[PDB]
Amino acid sequence: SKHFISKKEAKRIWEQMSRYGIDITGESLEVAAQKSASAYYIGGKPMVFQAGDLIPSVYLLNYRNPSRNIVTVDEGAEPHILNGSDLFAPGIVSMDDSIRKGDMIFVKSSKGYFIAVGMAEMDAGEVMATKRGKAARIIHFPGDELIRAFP
Ligand SMILES: [Zn+2]
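Just so you know, we're using UniProt numbering here: the sequence shown kicks off at 3 and counts up by one.
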């Protein structure tokens, strides 16, 4: 049910990920479907999900770190973010100050590794000045539906 895609098809995905500084240029990809979403694999692991928008998997985030839209959360937030909980401002340690409501964000533990992908619900300015409110909704996390669907 998987198929390696052409060089030109892969290039499109590389370019999409390069938008966030995630560098996979030159990596060959296999694609698979569920018609509710598709996944692009690198070496047997799902790396990019097509579920509305193209979403990097937490595996890709840890294999090739993004260079923008990063949000670091504290120890207390991590376990719930790992379960798909929304992200609240009080648990944010730092973040890219260029983040605006609507941007895709990449959530990382204070220990360095990435734990989820989110969609910002607030601008970085308001989050860091108030430290209150829902900063983002999580759209991908370990063991979620995307990962269960694309072993
Ligand atoms: Zn929880």
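Beta carbons: idealized from backbone N, C-alpha and C, even for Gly.
Among the options, whose alpha-carbon lies nearest the alpha-carbon of residue i?
i      : options                       : result
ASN71  : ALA122, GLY54, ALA53          : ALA122
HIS5   : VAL109, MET106, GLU128, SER30 : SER30
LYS37  : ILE26, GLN52, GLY28           : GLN52
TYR42  : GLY86, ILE15, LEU84, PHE108   : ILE15
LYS103 : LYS110, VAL95, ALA79, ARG139  : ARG139
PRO81  : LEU148, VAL109, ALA39, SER69  : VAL109
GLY120 : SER40, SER87, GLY28           : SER87
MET124 : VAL95, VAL33, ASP105          : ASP105
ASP98  : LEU84, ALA79, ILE83, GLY127   : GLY127
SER3   : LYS10, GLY28, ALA35, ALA12    : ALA35
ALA137 : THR27, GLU147, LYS10, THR74   : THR74
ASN85  : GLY145, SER96, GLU77          : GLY145
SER69  : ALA39, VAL95, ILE101, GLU77   : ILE101
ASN67  : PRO153, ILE107, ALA12, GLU11  : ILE107
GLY78  : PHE143, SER111, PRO58, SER8   : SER111
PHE143 : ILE83, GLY135, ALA151, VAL95  : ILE83
What does DSSP give as the partner residues of residue i in its beta bridges?
i      : result
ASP98  : According to DSSP, which records beta bridges pairwise, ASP98 is partnered with nothing at all.
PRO48  : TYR43
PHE90  : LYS136
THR74  : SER96, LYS110
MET121 : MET106, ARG139
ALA53  : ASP55
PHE116 : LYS110
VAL33  : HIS5, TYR42
Strictly under 9 angstroms for the Cβ-Cβ distance: is residue i near chain B by that measure?
i      : result
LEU148 : Chain labels in this structure do not include chain B; a single protein chain is all it has.
With distances taken from each beta carbon to the nearest heavy atom of ligand 1, which residues come in below 7 angstroms, in chain order?
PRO81, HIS82, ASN85, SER87
Would you say the segment 63 to 81 touches the segment 100 to 115, given that touching needs at least three Cβ pairs under 8 angstroms?
yes
The segment 40 to 52 touching the segment 85 to 98, judged by at least three CB pairs closer than 8 angstroms
no
Between the segment 126 to 136 and the segment 15 to 25, are three or more C-beta pairs nearer than 8 angstroms?
no
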